[PDB]
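So this one's model.pdb, PDB, C-alpha atoms and all ligand atoms:
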```pdb
ATOM      1  CA  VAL E   1     209.501 -21.099  46.127  1.00  0.00           C
ATOM      2  CA  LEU E   2     205.971 -21.725  47.391  1.00  0.00           C
ATOM      3  CA  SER E   3     204.645 -20.118  50.579  1.00  0.00           C
ATOM      4  CA  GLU E   4     203.241 -22.294  53.363  1.00  0.00           C
ATOM      5  CA  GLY E   5     199.712 -21.203  52.383  1.00  0.00           C
ATOM      6  CA  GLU E   6     200.351 -22.232  48.784  1.00  0.00           C
ATOM      7  CA  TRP E   7     201.712 -25.649  49.809  1.00  0.00           C
ATOM      8  CA  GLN E   8     198.558 -26.142  51.883  1.00  0.00           C
ATOM      9  CA  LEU E   9     196.400 -25.494  48.806  1.00  0.00           C
ATOM     10  CA  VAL E  10     198.453 -28.022  46.770  1.00  0.00           C
ATOM     11  CA  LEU E  11     198.463 -30.760  49.382  1.00  0.00           C
ATOM     12  CA  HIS E  12     194.767 -30.421  50.174  1.00  0.00           C
ATOM     13  CA  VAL E  13     193.916 -30.698  46.479  1.00  0.00           C
ATOM     14  CA  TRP E  14     196.195 -33.700  46.135  1.00  0.00           C
ATOM     15  CA  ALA E  15     194.153 -35.585  48.736  1.00  0.00           C
ATOM     16  CA  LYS E  16     191.220 -35.361  46.335  1.00  0.00           C
ATOM     17  CA  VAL E  17     193.331 -37.014  43.579  1.00  0.00           C
ATOM     18  CA  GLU E  18     194.179 -39.820  45.975  1.00  0.00           C
ATOM     19  CA  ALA E  19     190.482 -40.684  46.338  1.00  0.00           C
ATOM     20  CA  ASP E  20     190.638 -41.955  42.742  1.00  0.00           C
ATOM     21  CA  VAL E  21     194.264 -42.362  41.534  1.00  0.00           C
ATOM     22  CA  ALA E  22     193.476 -44.602  38.541  1.00  0.00           C
ATOM     23  CA  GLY E  23     190.634 -42.372  37.256  1.00  0.00           C
ATOM     24  CA  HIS E  24     192.724 -39.182  37.450  1.00  0.00           C
ATOM     25  CA  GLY E  25     195.750 -40.968  35.932  1.00  0.00           C
ATOM     26  CA  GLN E  26     193.804 -42.279  32.974  1.00  0.00           C
ATOM     27  CA  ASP E  27     192.228 -38.857  32.334  1.00  0.00           C
ATOM     28  CA  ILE E  28     195.566 -37.041  32.495  1.00  0.00           C
ATOM     29  CA  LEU E  29     197.357 -39.349  30.053  1.00  0.00           C
ATOM     30  CA  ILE E  30     194.443 -39.319  27.594  1.00  0.00           C
ATOM     31  CA  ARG E  31     194.262 -35.503  27.755  1.00  0.00           C
ATOM     32  CA  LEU E  32     198.061 -35.286  27.110  1.00  0.00           C
ATOM     33  CA  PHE E  33     197.907 -37.654  24.132  1.00  0.00           C
ATOM     34  CA  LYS E  34     194.842 -35.999  22.574  1.00  0.00           C
ATOM     35  CA  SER E  35     196.146 -32.483  23.023  1.00  0.00           C
ATOM     36  CA  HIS E  36     199.694 -33.322  21.967  1.00  0.00           C
ATOM     37  CA  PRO E  37     199.782 -36.506  19.887  1.00  0.00           C
ATOM     38  CA  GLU E  38     203.530 -36.003  19.369  1.00  0.00           C
ATOM     39  CA  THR E  39     203.974 -37.096  23.018  1.00  0.00           C
ATOM     40  CA  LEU E  40     202.576 -40.551  22.207  1.00  0.00           C
ATOM     41  CA  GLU E  41     205.594 -41.179  19.929  1.00  0.00           C
ATOM     42  CA  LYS E  42     207.882 -41.211  22.951  1.00  0.00           C
ATOM     43  CA  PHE E  43     206.113 -44.284  24.381  1.00  0.00           C
ATOM     44  CA  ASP E  44     206.910 -47.504  22.489  1.00  0.00           C
ATOM     45  CA  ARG E  45     204.403 -49.024  24.906  1.00  0.00           C
ATOM     46  CA  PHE E  46     201.536 -46.861  23.690  1.00  0.00           C
ATOM     47  CA  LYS E  47     202.319 -45.567  20.164  1.00  0.00           C
ATOM     48  CA  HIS E  48     199.914 -48.124  18.603  1.00  0.00           C
ATOM     49  CA  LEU E  49     196.930 -46.348  20.194  1.00  0.00           C
ATOM     50  CA  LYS E  50     195.546 -44.164  17.400  1.00  0.00           C
ATOM     51  CA  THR E  51     192.136 -43.148  18.720  1.00  0.00           C
ATOM     52  CA  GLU E  52     190.710 -41.865  21.938  1.00  0.00           C
ATOM     53  CA  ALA E  53     188.408 -44.903  22.207  1.00  0.00           C
ATOM     54  CA  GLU E  54     191.473 -47.199  22.051  1.00  0.00           C
ATOM     55  CA  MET E  55     193.162 -45.185  24.792  1.00  0.00           C
ATOM     56  CA  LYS E  56     190.150 -45.426  27.051  1.00  0.00           C
ATOM     57  CA  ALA E  57     190.065 -49.207  26.534  1.00  0.00           C
ATOM     58  CA  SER E  58     193.691 -49.886  27.466  1.00  0.00           C
ATOM     59  CA  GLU E  59     194.269 -51.465  30.906  1.00  0.00           C
ATOM     60  CA  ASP E  60     198.014 -50.911  30.427  1.00  0.00           C
ATOM     61  CA  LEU E  61     197.571 -47.201  29.987  1.00  0.00           C
ATOM     62  CA  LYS E  62     195.476 -47.051  33.200  1.00  0.00           C
ATOM     63  CA  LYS E  63     198.235 -48.921  35.019  1.00  0.00           C
ATOM     64  CA  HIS E  64     200.861 -46.431  33.898  1.00  0.00           C
ATOM     65  CA  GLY E  65     198.685 -43.515  34.951  1.00  0.00           C
ATOM     66  CA  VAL E  66     198.810 -44.888  38.514  1.00  0.00           C
ATOM     67  CA  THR E  67     202.635 -45.160  38.262  1.00  0.00           C
ATOM     68  CA  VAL E  68     202.910 -41.556  37.141  1.00  0.00           C
ATOM     69  CA  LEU E  69     200.582 -40.079  39.762  1.00  0.00           C
ATOM     70  CA  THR E  70     202.122 -42.195  42.570  1.00  0.00           C
ATOM     71  CA  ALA E  71     205.565 -40.813  41.702  1.00  0.00           C
ATOM     72  CA  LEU E  72     204.340 -37.248  41.409  1.00  0.00           C
ATOM     73  CA  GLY E  73     202.427 -37.482  44.715  1.00  0.00           C
ATOM     74  CA  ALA E  74     205.564 -38.706  46.561  1.00  0.00           C
ATOM     75  CA  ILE E  75     207.388 -35.652  45.219  1.00  0.00           C
ATOM     76  CA  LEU E  76     204.661 -33.077  46.101  1.00  0.00           C
ATOM     77  CA  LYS E  77     204.454 -34.408  49.655  1.00  0.00           C
ATOM     78  CA  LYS E  78     208.118 -33.431  50.177  1.00  0.00           C
ATOM     79  CA  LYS E  79     207.174 -29.727  49.931  1.00  0.00           C
ATOM     80  CA  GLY E  80     210.210 -28.855  47.801  1.00  0.00           C
ATOM     81  CA  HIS E  81     212.694 -31.115  49.643  1.00  0.00           C
ATOM     82  CA  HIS E  82     212.466 -33.704  46.956  1.00  0.00           C
ATOM     83  CA  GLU E  83     216.064 -34.380  45.936  1.00  0.00           C
ATOM     84  CA  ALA E  84     216.047 -38.153  46.666  1.00  0.00           C
ATOM     85  CA  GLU E  85     212.715 -38.715  44.919  1.00  0.00           C
ATOM     86  CA  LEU E  86     213.390 -36.496  41.891  1.00  0.00           C
ATOM     87  CA  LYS E  87     216.904 -37.672  41.024  1.00  0.00           C
ATOM     88  CA  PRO E  88     216.017 -41.183  39.746  1.00  0.00           C
ATOM     89  CA  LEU E  89     213.199 -39.685  37.678  1.00  0.00           C
ATOM     90  CA  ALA E  90     215.338 -36.995  36.073  1.00  0.00           C
ATOM     91  CA  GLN E  91     218.018 -39.611  35.234  1.00  0.00           C
ATOM     92  CA  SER E  92     215.700 -42.054  33.506  1.00  0.00           C
ATOM     93  CA  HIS E  93     213.759 -39.379  31.598  1.00  0.00           C
ATOM     94  CA  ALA E  94     216.876 -37.676  30.307  1.00  0.00           C
ATOM     95  CA  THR E  95     219.085 -40.652  29.476  1.00  0.00           C
ATOM     96  CA  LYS E  96     216.663 -43.491  28.716  1.00  0.00           C
ATOM     97  CA  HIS E  97     213.299 -42.115  27.655  1.00  0.00           C
ATOM     98  CA  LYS E  98     214.715 -38.914  26.223  1.00  0.00           C
ATOM     99  CA  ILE E  99     211.779 -36.660  27.117  1.00  0.00           C
ATOM    100  CA  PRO E 100     212.229 -32.984  26.330  1.00  0.00           C
ATOM    101  CA  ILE E 101     211.360 -30.421  29.032  1.00  0.00           C
ATOM    102  CA  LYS E 102     208.580 -29.024  26.809  1.00  0.00           C
ATOM    103  CA  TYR E 103     206.681 -32.291  27.194  1.00  0.00           C
ATOM    104  CA  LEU E 104     206.835 -31.880  30.963  1.00  0.00           C
ATOM    105  CA  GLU E 105     205.188 -28.510  30.424  1.00  0.00           C
ATOM    106  CA  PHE E 106     202.459 -30.194  28.366  1.00  0.00           C
ATOM    107  CA  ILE E 107     201.713 -32.845  31.017  1.00  0.00           C
ATOM    108  CA  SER E 108     201.579 -30.065  33.661  1.00  0.00           C
ATOM    109  CA  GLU E 109     198.824 -28.343  31.621  1.00  0.00           C
ATOM    110  CA  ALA E 110     196.931 -31.645  31.375  1.00  0.00           C
ATOM    111  CA  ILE E 111     197.062 -32.155  35.108  1.00  0.00           C
ATOM    112  CA  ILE E 112     195.602 -28.691  35.754  1.00  0.00           C
ATOM    113  CA  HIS E 113     192.876 -29.298  33.172  1.00  0.00           C
ATOM    114  CA  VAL E 114     191.779 -32.617  34.641  1.00  0.00           C
ATOM    115  CA  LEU E 115     191.792 -31.256  38.230  1.00  0.00           C
ATOM    116  CA  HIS E 116     189.498 -28.456  37.075  1.00  0.00           C
ATOM    117  CA  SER E 117     187.200 -30.927  35.227  1.00  0.00           C
ATOM    118  CA  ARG E 118     186.872 -33.271  38.164  1.00  0.00           C
ATOM    119  CA  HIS E 119     186.766 -30.679  40.945  1.00  0.00           C
ATOM    120  CA  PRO E 120     185.016 -27.552  39.556  1.00  0.00           C
ATOM    121  CA  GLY E 121     183.859 -26.479  43.058  1.00  0.00           C
ATOM    122  CA  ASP E 122     187.130 -27.233  44.909  1.00  0.00           C
ATOM    123  CA  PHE E 123     189.751 -26.164  42.518  1.00  0.00           C
ATOM    124  CA  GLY E 124     189.411 -22.361  42.296  1.00  0.00           C
ATOM    125  CA  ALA E 125     191.909 -19.909  40.791  1.00  0.00           C
ATOM    126  CA  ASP E 126     194.031 -19.659  43.973  1.00  0.00           C
ATOM    127  CA  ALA E 127     194.550 -23.457  44.074  1.00  0.00           C
ATOM    128  CA  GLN E 128     195.167 -23.451  40.314  1.00  0.00           C
ATOM    129  CA  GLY E 129     197.867 -20.802  40.726  1.00  0.00           C
ATOM    130  CA  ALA E 130     199.446 -22.751  43.587  1.00  0.00           C
ATOM    131  CA  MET E 131     199.398 -26.017  41.611  1.00  0.00           C
ATOM    132  CA  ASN E 132     200.939 -24.258  38.638  1.00  0.00           C
ATOM    133  CA  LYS E 133     203.765 -23.028  40.899  1.00  0.00           C
ATOM    134  CA  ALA E 134     204.400 -26.489  42.323  1.00  0.00           C
ATOM    135  CA  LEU E 135     204.631 -28.049  38.838  1.00  0.00           C
ATOM    136  CA  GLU E 136     206.941 -25.196  37.737  1.00  0.00           C
ATOM    137  CA  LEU E 137     209.248 -25.955  40.653  1.00  0.00           C
ATOM    138  CA  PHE E 138     209.226 -29.662  39.648  1.00  0.00           C
ATOM    139  CA  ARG E 139     210.195 -28.689  36.051  1.00  0.00           C
ATOM    140  CA  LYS E 140     212.888 -26.212  37.190  1.00  0.00           C
ATOM    141  CA  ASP E 141     214.653 -28.881  39.254  1.00  0.00           C
ATOM    142  CA  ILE E 142     214.394 -31.555  36.510  1.00  0.00           C
ATOM    143  CA  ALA E 143     215.734 -29.036  33.968  1.00  0.00           C
ATOM    144  CA  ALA E 144     218.759 -28.414  36.217  1.00  0.00           C
ATOM    145  CA  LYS E 145     219.535 -32.115  36.286  1.00  0.00           C
ATOM    146  CA  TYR E 146     219.099 -32.347  32.500  1.00  0.00           C
ATOM    147  CA  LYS E 147     221.598 -29.479  32.076  1.00  0.00           C
ATOM    148  CA  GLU E 148     224.063 -31.215  34.428  1.00  0.00           C
ATOM    149  CA  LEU E 149     223.862 -34.445  32.337  1.00  0.00           C
ATOM    150  CA  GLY E 150     224.097 -32.493  29.056  1.00  0.00           C
ATOM    151  CA  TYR E 151     220.558 -32.988  27.764  1.00  0.00           C
ATOM    152  CA  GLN E 152     218.646 -29.776  28.717  1.00  0.00           C
ATOM    153  CA  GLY E 153     215.456 -28.831  26.846  1.00  0.00           C
TER     154      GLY E 153
HETATM  155  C1  LIG Q 201     204.354 -35.734  35.879  1.00  0.00           C
HETATM  156  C2  LIG Q 201     205.466 -35.996  35.224  1.00  0.00           C
HETATM  157  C3  LIG Q 201     205.931 -37.392  35.044  1.00  0.00           C
HETATM  158  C4  LIG Q 201     206.160 -38.338  36.088  1.00  0.00           C
HETATM  159  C5  LIG Q 201     205.952 -38.194  37.564  1.00  0.00           C
HETATM  160  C6  LIG Q 201     206.646 -39.498  35.327  1.00  0.00           C
HETATM  161  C7  LIG Q 201     206.942 -40.725  36.019  1.00  0.00           C
HETATM  162  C8  LIG Q 201     207.401 -41.933  35.414  1.00  0.00           C
HETATM  163  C9  LIG Q 201     207.725 -43.140  36.213  1.00  0.00           C
HETATM  164  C10 LIG Q 201     207.706 -43.272  37.717  1.00  0.00           C
HETATM  165  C11 LIG Q 201     208.131 -44.135  35.212  1.00  0.00           C
HETATM  166  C12 LIG Q 201     208.611 -45.546  35.436  1.00  0.00           C
HETATM  167  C13 LIG Q 201     210.071 -45.503  35.915  1.00  0.00           C
HETATM  168  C14 LIG Q 201     211.040 -44.788  34.984  1.00  0.00           C
HETATM  169  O1  LIG Q 201     211.306 -45.237  33.848  1.00  0.00           O
HETATM  170  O2  LIG Q 201     211.560 -43.743  35.400  1.00  0.00           O
HETATM  171  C15 LIG Q 201     207.977 -43.474  33.900  1.00  0.00           C
HETATM  172  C16 LIG Q 201     208.242 -44.152  32.650  1.00  0.00           C
HETATM  173  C17 LIG Q 201     208.191 -43.521  31.348  1.00  0.00           C
HETATM  174  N1  LIG Q 201     207.865 -42.223  31.201  1.00  0.00           N
HETATM  175 FE1  LIG Q 201     207.419 -40.755  32.595  1.00  0.00          FE
HETATM  176  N2  LIG Q 201     206.719 -39.379  33.983  1.00  0.00           N
HETATM  177  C18 LIG Q 201     206.313 -38.097  33.819  1.00  0.00           C
HETATM  178  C19 LIG Q 201     206.246 -37.427  32.527  1.00  0.00           C
HETATM  179  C20 LIG Q 201     206.501 -38.089  31.269  1.00  0.00           C
HETATM  180  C21 LIG Q 201     206.233 -37.477  29.943  1.00  0.00           C
HETATM  181  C22 LIG Q 201     205.640 -36.115  29.664  1.00  0.00           C
HETATM  182  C23 LIG Q 201     206.654 -38.507  28.994  1.00  0.00           C
HETATM  183  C24 LIG Q 201     206.597 -38.493  27.518  1.00  0.00           C
HETATM  184  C25 LIG Q 201     206.048 -37.495  26.853  1.00  0.00           C
HETATM  185  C26 LIG Q 201     207.147 -39.665  29.768  1.00  0.00           C
HETATM  186  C27 LIG Q 201     207.699 -40.840  29.161  1.00  0.00           C
HETATM  187  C28 LIG Q 201     207.963 -42.067  29.866  1.00  0.00           C
HETATM  188  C29 LIG Q 201     208.339 -43.248  29.070  1.00  0.00           C
HETATM  189  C30 LIG Q 201     208.499 -43.425  27.595  1.00  0.00           C
HETATM  190  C31 LIG Q 201     208.481 -44.246  30.109  1.00  0.00           C
HETATM  191  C32 LIG Q 201     208.806 -45.703  29.938  1.00  0.00           C
HETATM  192  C33 LIG Q 201     207.437 -46.375  29.829  1.00  0.00           C
HETATM  193  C34 LIG Q 201     207.574 -47.873  29.610  1.00  0.00           C
HETATM  194  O3  LIG Q 201     207.833 -48.303  28.472  1.00  0.00           O
HETATM  195  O4  LIG Q 201     207.394 -48.627  30.576  1.00  0.00           O
HETATM  196  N3  LIG Q 201     207.025 -39.439  31.164  1.00  0.00           N
HETATM  197  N4  LIG Q 201     207.441 -42.130  34.006  1.00  0.00           N
HETATM  198 XE    XE Q 202     199.378 -39.294  34.805  1.00  0.00          XE
HETATM  199 XE    XE Q 203     209.864 -36.759  35.006  1.00  0.00          XE
HETATM  200 XE    XE Q 204     206.162 -31.699  35.838  1.00  0.00          XE
HETATM  201 XE    XE Q 205     195.615 -35.025  38.614  1.00  0.00          XE
HETATM  202 XE    XE Q 206     207.577 -30.003  43.304  1.00  0.00          XE
HETATM  203 ZN    ZN Q 207     201.572 -30.497  20.571  1.00  0.00          ZN
HETATM  204 ZN    ZN Q 208     189.848 -51.745  33.817  1.00  0.00          ZN
END
```
In structure tokens, what does this structure look like?
Ligand code: HEM
Ligand SMILES: [Xe]
Ligand SMILES: [Xe]
Ligand SMILES: [Xe]
Ligand SMILES: [Xe]
Ligand SMILES: [Xe]
Ligand SMILES: [Zn+2]
Ligand SMILES: [Zn+2]
Amino acid sequence: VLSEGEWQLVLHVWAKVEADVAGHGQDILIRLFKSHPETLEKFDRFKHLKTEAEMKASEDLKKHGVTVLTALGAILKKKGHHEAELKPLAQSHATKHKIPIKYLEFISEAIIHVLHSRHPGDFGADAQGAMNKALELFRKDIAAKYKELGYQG
């Protein structure tokens, strides 16, 4: 697990995301889709977007970015005691959206990239390491639920 000092790094950085949830959310989803266009295919809602300019122009995509970061923020704020918040998410992503664990790894990389881009002064290697650990813990617990339900990977 994360040490107290590492959770402090994560939660203090997260406060910076909360100062502009829509901007960070938009940037993270665009970075995911550009870096890994195969992830687009999983969203019937977005698969029509073919270019980066189209992604930037979509109000619906910006709305979903808020949904994603609001859910992730609720989880991080539980400092690992996130069973009630994580369960519904693991269920829907395994059984309904059918999202492989690898794509959760890809979105974790996009989050780190955007935090670095937006906060070059604030988000040094120690915070980056701590954020990586927090997202790993998130993935580990989702993966366990996937395995339970017979999806895993
Ligand atoms: C940071 C990790 C992620 C969080 C916190 C997250 C959160 C959510 C939330 C809260 C919803 C709406 C409720 C629901 O259906 O459960 C949702 C919908 C969805 N998510 Fe995720 N998600 C994450 C990663 C991903 C990834 C990597 C993909 C695909 C590559 C994905 C695919 C979807 C799809 C297809 C929907 C349904 C969208 C719609 O048609 O309305 N999610 N996500
Ligand atoms: Xe996001
Ligand atoms: Xe998820
Ligand atoms: Xe994640
Ligand atoms: Xe972010
Ligand atoms: Xe987490
Ligand atoms: Zn890829
Ligand atoms: Zn707008």
Exercise for review: Apply the PyMOL selection byres (((chain E and resi 105) around 12) and not hetatm) to the file shown and report the selected residues as a PyMOL selection string.
Suggested key: chain E and resi 32+36+39+99-104+106-112+132-133+135-140+142-143+153
Would you write out those residues with C-alpha atoms, as a short mmCIF file (atom, residue, chain, number, x, y, z; two decimals), in the frame of the given file?
```cif
data_model
loop_
_atom_site.label_atom_id
_atom_site.label_comp_id
_atom_site.auth_asym_id
_atom_site.auth_seq_id
_atom_site.Cartn_x
_atom_site.Cartn_y
_atom_site.Cartn_z
CA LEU E 32 198.06 -35.29 27.11
CA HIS E 36 199.69 -33.32 21.97
CA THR E 39 203.97 -37.10 23.02
CA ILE E 99 211.78 -36.66 27.12
CA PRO E 100 212.23 -32.98 26.33
CA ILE E 101 211.36 -30.42 29.03
CA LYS E 102 208.58 -29.02 26.81
CA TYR E 103 206.68 -32.29 27.19
CA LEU E 104 206.84 -31.88 30.96
CA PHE E 106 202.46 -30.19 28.37
CA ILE E 107 201.71 -32.84 31.02
CA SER E 108 201.58 -30.06 33.66
CA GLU E 109 198.82 -28.34 31.62
CA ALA E 110 196.93 -31.64 31.38
CA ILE E 111 197.06 -32.16 35.11
CA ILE E 112 195.60 -28.69 35.75
CA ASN E 132 200.94 -24.26 38.64
CA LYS E 133 203.76 -23.03 40.90
CA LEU E 135 204.63 -28.05 38.84
CA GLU E 136 206.94 -25.20 37.74
CA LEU E 137 209.25 -25.96 40.65
CA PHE E 138 209.23 -29.66 39.65
CA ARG E 139 210.20 -28.69 36.05
CA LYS E 140 212.89 -26.21 37.19
CA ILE E 142 214.39 -31.56 36.51
CA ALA E 143 215.73 -29.04 33.97
CA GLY E 153 215.46 -28.83 26.85
#
```
Point to revise | Contacts of stretch 75-79 of chain E within 8 Å, only C-alpha atoms, excl. fewer than 3 positions in-chain, as JSON, numbers by chain | key: {"E": [7, 11, 71, 72, 82, 85, 86, 134]}
**Study point:** Output check: residues returned by the PyMOL selection byres (((not hetatm)) within 12 of (chain Q and resi 202)), as JSON, numbers by chain
**Key:** {"E": [17, 21, 22, 23, 24, 25, 26, 27, 28, 29, 30, 31, 32, 33, 61, 62, 63, 64, 65, 66, 67, 68, 69, 70, 71, 72, 73, 104, 106, 107, 108, 109, 110, 111, 112, 114, 115]}
Check your understanding: Using the chain letters and numbers from the file, which residues does the PyMOL selection byres (((chain E and resi 13) around 10) and not hetatm) grab, as a PyMOL selection string?
Key -> chain E and resi 7-12+14-18+115+119+122-123+127-128+131
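Going from atom CA of residue E:6 over to atom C7 of ligand LIG 201 (chain Q), you cover 23.4 Å.
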Complete stretch 116-135 of chain E with N, CA and C atoms (output as a compact mmCIF listing (two decimals), in the coordinates of the input).
```txt
# COMPACT_ATOMS: atom_id res chain seq x y z
N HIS E 116 190.62 -29.37 37.24
CA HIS E 116 189.50 -28.46 37.08
C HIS E 116 188.22 -29.17 36.65
N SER E 117 188.34 -30.12 35.72
CA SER E 117 187.20 -30.93 35.23
C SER E 117 186.55 -31.81 36.28
N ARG E 118 187.37 -32.37 37.16
CA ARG E 118 186.87 -33.27 38.16
C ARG E 118 186.47 -32.59 39.45
N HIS E 119 187.00 -31.39 39.70
CA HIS E 119 186.77 -30.68 40.94
C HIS E 119 186.43 -29.22 40.70
N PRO E 120 185.37 -28.95 39.91
CA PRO E 120 185.02 -27.55 39.56
C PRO E 120 184.72 -26.65 40.76
N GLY E 121 184.11 -27.20 41.81
CA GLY E 121 183.86 -26.48 43.06
C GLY E 121 185.09 -26.24 43.92
N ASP E 122 185.98 -27.23 43.98
CA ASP E 122 187.13 -27.23 44.91
C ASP E 122 188.38 -26.57 44.39
N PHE E 123 188.49 -26.50 43.08
CA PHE E 123 189.75 -26.16 42.52
C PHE E 123 189.64 -24.78 41.89
N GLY E 124 189.56 -23.76 42.74
CA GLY E 124 189.41 -22.36 42.30
C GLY E 124 190.73 -21.76 41.84
N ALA E 125 190.73 -20.49 41.44
CA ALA E 125 191.91 -19.91 40.79
C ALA E 125 193.15 -19.84 41.70
N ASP E 126 192.93 -19.70 43.01
CA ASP E 126 194.03 -19.66 43.97
C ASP E 126 194.76 -21.00 44.03
N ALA E 127 193.99 -22.09 44.14
CA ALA E 127 194.55 -23.46 44.07
C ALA E 127 195.22 -23.77 42.74
N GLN E 128 194.60 -23.34 41.65
CA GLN E 128 195.17 -23.45 40.31
C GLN E 128 196.51 -22.74 40.19
N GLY E 129 196.59 -21.51 40.71
CA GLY E 129 197.87 -20.80 40.73
C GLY E 129 198.93 -21.52 41.55
N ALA E 130 198.53 -22.04 42.71
CA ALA E 130 199.45 -22.75 43.59
C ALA E 130 199.92 -24.07 42.94
N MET E 131 199.01 -24.80 42.30
CA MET E 131 199.40 -26.02 41.61
C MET E 131 200.33 -25.71 40.44
N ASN E 132 200.04 -24.64 39.71
CA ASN E 132 200.94 -24.26 38.64
C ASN E 132 202.34 -24.00 39.18
N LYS E 133 202.43 -23.31 40.32
CA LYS E 133 203.76 -23.03 40.90
C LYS E 133 204.51 -24.27 41.31
N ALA E 134 203.78 -25.24 41.90
CA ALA E 134 204.40 -26.49 42.32
C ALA E 134 204.95 -27.29 41.14
N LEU E 135 204.17 -27.36 40.06
CA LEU E 135 204.63 -28.05 38.84
C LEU E 135 205.80 -27.32 38.15
```
